[PDB]
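Student: Structure of the sequence below:
(chains A and B)
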Amino acid sequence: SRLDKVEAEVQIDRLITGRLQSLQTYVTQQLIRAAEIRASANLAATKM
Amino acid sequence: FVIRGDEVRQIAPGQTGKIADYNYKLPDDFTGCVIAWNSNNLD
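Tutor: Numbering: from 1, shown residues only, chains lettered A, B, ... in the order given. Have a look at this structure:
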């Protein structure tokens, strides 16, 4: 609302980039922890 | 066309103004060239 449209688009690009890379970080962390849990689970299956 | 010097800055995408509001407006994706010059000595 409070700015020119082009400047607002330039501003919105920042939010887009920040949120996108933050989502990427969360996804990577999920991947690593998934590897952890799946290795442990197969270990548990073998133990049982 | 012919416009006054006050509206000279107005010719650009996203600009407001009398001509921009009600007479002549540019799109954001305007792919072209703008040329203007004084003609007070002729008009």
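Student: List the residues that contact whatever residue of chain A ends up closest to chain B.
Tutor: Nearest residue of chain A to chain B: residue A:5, at 5.0 Å (Cβ to the nearest Cβ). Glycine gets a C-beta too; all of them are placed from N, C-alpha and C. Neighbouring residues of residue A:5 by Cβ atoms under 8 Å, 6 or more residues apart in numbering or on different chains: B:14, B:28.
Student: Ramachandran angles for it?
Tutor: With angles defined as degrees, to the nearest 10, residue A:5 sits at phi -60, psi -40.
Student: tally of neighbours for the residue in chain B positioned nearest to chain A?
Tutor: Among the residues of chain B, residue B:14 lies nearest to chain A; the distance is 5.0 Å by Cβ to the nearest Cβ. Residue neighbour count, defined by other Cβ atoms under 10 Å in any protein chain shown, stands at 16 for residue B:14.
Student: can you give me the helices in chain A?
Tutor: Secondary structure of chain A (DSSP state H): helices located at A:5-47.
Student: swap in chain B?
Tutor: With helices called from DSSP H, chain B shows them at B:18-22.
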